[PDB]
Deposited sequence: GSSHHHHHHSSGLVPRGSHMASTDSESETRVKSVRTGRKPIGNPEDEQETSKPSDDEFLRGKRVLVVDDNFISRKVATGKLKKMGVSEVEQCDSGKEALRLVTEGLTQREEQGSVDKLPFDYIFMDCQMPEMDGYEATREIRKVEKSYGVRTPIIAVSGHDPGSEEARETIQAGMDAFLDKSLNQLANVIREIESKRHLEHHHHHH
């Protein structure tokens, strides 16, 4: 848990889980479901998250959707081959400019960040940081809200 400078807890929410590890992804997904999340989407890479976010935002804009964000929260694995979570977050924030929106993006890591990673968390534009146990998932969301 930290911010970056029960079975209905997330009812009504739509979440994207982005993780290169299939078991991690399945574990994040099930924890979110046990919180009453209405919709979890999963993908296995930074480039796929970017695609799903860029399409979802264009769609809702074109349709004049009441909700403009395709996902209420994104859980973004930090270390991934090719496009890591910092780079994906960064590009999503570039894409969101045109729309005047901002999706809550939560960095997920199996260790505490070092100073280089910490610097990246902020420059990428992440809102928060969580350990992969997801023990603090709810406090962080309360904190972001």
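According to the record, no C-alpha positions are given for deposited positions 1 to 10, 16 to 54, 195 to 206, numbered from 1.
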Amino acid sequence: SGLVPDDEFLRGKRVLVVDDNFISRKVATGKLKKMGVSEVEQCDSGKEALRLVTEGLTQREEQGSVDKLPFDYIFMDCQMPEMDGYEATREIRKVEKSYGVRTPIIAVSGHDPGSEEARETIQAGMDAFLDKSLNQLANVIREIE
From here on, numbers count along this sequence of modelled residues.
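The PDB entry records a higher mean C-alpha B factor for 114 to 122 than for its counterpart among 114 to 122 and 55 to 63. Look at the mean CA B-factor for 43 to 51 and for 104 to 112 in the entry; the higher one is 104 to 112. Sorting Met35, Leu69, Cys78, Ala88 by the CA temperature factor given in the entry leaves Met35 at the top.
When the modelled residues of the chain are ordered by their C-alpha B factor, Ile23 lands in the middle third. Ranked against the other modelled residues of its chain, the C-alpha B-factor of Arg93 as given in the entry falls in the lowest third.
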